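One chain comes next, on its own, written as structure tokens: the form deposited in one PDB entry.
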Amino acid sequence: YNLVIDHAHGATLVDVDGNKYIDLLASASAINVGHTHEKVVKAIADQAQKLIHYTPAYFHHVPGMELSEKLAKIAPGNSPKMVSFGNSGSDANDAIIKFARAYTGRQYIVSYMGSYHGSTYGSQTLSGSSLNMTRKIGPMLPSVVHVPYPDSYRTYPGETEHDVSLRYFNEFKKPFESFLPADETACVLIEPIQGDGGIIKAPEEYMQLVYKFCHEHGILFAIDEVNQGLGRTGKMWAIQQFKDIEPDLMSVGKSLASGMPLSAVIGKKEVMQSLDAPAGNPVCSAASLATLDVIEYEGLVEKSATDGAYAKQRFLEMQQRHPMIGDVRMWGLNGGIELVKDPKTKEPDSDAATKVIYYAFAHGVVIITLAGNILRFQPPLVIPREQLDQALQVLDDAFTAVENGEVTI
């Protein structure tokens, strides 16, 4: 924005002029635990003194070593895990293909519509989000198939939620009853809940079906936790929001260390040993350890859930007074609050979603839209309930603003 950024602590952002802003984008999930958090600043700085950089290849450092343990330990499920480290969720998704393809000796990758696994040649190929248009830069990474994601808002007449999971599971089956063998596809990468596609969840009835087909045909079941991890959902991992799921392979990046360039691939021991190198960094390891501690100490996973239920209840009543709110998809501090021209037609109102970004930003609170009309509500999980209401307030006048036909551009 025209006036550029200075410092920030928890939820308050401060730019060059001293202007105060309430945060809700939280850097596409990273700011899980606020900005400049004292234990994580202390850990950064105290580590930078000891050793800035050495690589997991040739030498061990301690914190990355202490980190690895804590990440196999915290990981979803009980099977013996192992972590590989990366720089970004972007490069950890690449790895998930490398691993998948190695263990299974297989080529094809089934990734999703609506999804955004990243920005390197492999993770850019796996994605398919609105803005995320890989124009001019093809050909992409070969042997990748896409499959639709269970849309819940936009449906045929009289579909139950049981029906969605049947109709989208049918769509998912469709290439495997055609051109894609099953004994050839090495991996299904799924967002348990989609980020960029508009804070969309898949029904459990669906994921289980997908988590069976994967298990029945030997195709690795990988989950992308870069955006929806570390309490964001109200449980510690988005995958846990479903009953009994043990991902073969999982990615996390971004959030892991309050925005320091770190990432992990957490999967099964036998999967993690089909390559062996060269087919980690200390300060962000130290930061990771510091954020992990904060997640556990401040009851943050719970704060994610308790504030998460509350905010749902605030967007529900607020939808009642402003019929433009077409859907509200909250699971944790984790909203998908999407605007529509009419509630019958459910047509996007990207016009109305951008105006609300303008009112928000101009009246002391920062938020953004995903694919056009859905506002992504992903605030830092240490937002004092106070600050949150002042966000909700402004988000509310802004609704009425655009309703009464107030702010222009």
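C-alpha atoms forming the largest set that superposes within 1.5 Å between two forms make up the rigid core. Residue indices: 1-based, along the sequence shown.
Undergrad: Please count the deposited residues lying between residue 131 and residue 132 that the model leaves without coordinates, and give the class: none, 1 to 3, 4 to 9, or 10 or more.
TA: Going from residue 131 to residue 132, the model skips no residues of the deposited sequence.
Undergrad: Can you tell me which stretch has the higher mean Cα B-factor, 75-83 or 196-204?
TA: Comparing 196-204 with 75-83, the higher mean C-alpha B-factor belongs to 75-83.
Undergrad: With reference to the PDB entry, specify whether the mean Cα temperature factor is higher for 382-390 or for 14-22.
TA: For C-alpha atoms only, the mean B-factor is higher in 14-22.
Undergrad: Name the residue from 241, 306, 123, 263 with the greatest C-alpha temperature factor listed in the entry.
TA: Highest C-alpha B-factor among the listed options: 306.
Undergrad: Say you rank 177, 224, 276, 94 by Cα B-factor from the PDB entry; which sits at the top?
TA: Among 177, 224, 276, 94, the PDB entry lists the largest C-alpha B-factor for 276.
Undergrad: Give the position of residue 291 by CA B-factor within its chain, expressed as the lowest, middle or highest third.
TA: CA B-factor rank for residue 291: lowest third.
Undergrad: What third of the chain does residue 252 rank in for C-alpha temperature factor, lowest, middle or highest?
TA: Highest third - that is where residue 252 ends up once the chain's C-alpha B-factors are sorted.
Undergrad: Can you work out whether the C-alpha temperature factor of residue 47 puts it in the lowest, middle or highest third of the chain?
TA: For residue 47, the deposited C-alpha B-factor lands in the lowest third.
Undergrad: Using only modelled residues of the chain, where does the Cα B factor of residue 159 rank: lowest third, middle third or highest third?
TA: Tercile = highest for this residue's CA B-factor.
Undergrad: Residue 348: which third of its chain by C-alpha temperature factor?
TA: It falls in the top third of the chain.
Note that the form deposited in another entry isn't included here; everything after this is about it.
Undergrad: Which one moved? Candidates are 170, 132, 306, 155, criterion is a Cα shift of 2 Å or more between this form and the one not shown after superposing on the core.
TA: Flagged residue: 132.
Undergrad: Residue 56: with the rigid core matched between this form and the one not shown, does its Cα shift 2 Å or more?
TA: Yes, the C-alpha moves 2 Å or more.
Undergrad: Your call: residue 131 and residue 180 CA atoms, closer or farther in the other form versus the shown structure, by 3 Å or more?
TA: The answer is closer, because the C-alphas of residue 131 and residue 180 approach each other in the other form by 3 Å or more.
Undergrad: Once you account for a change of 3 Å or more, let me know if residue 232 and residue 132 sit closer or farther in the other form, using their C-alpha atoms.
TA: Compared with this form, residue 232 and residue 132 lie farther apart in the other form.
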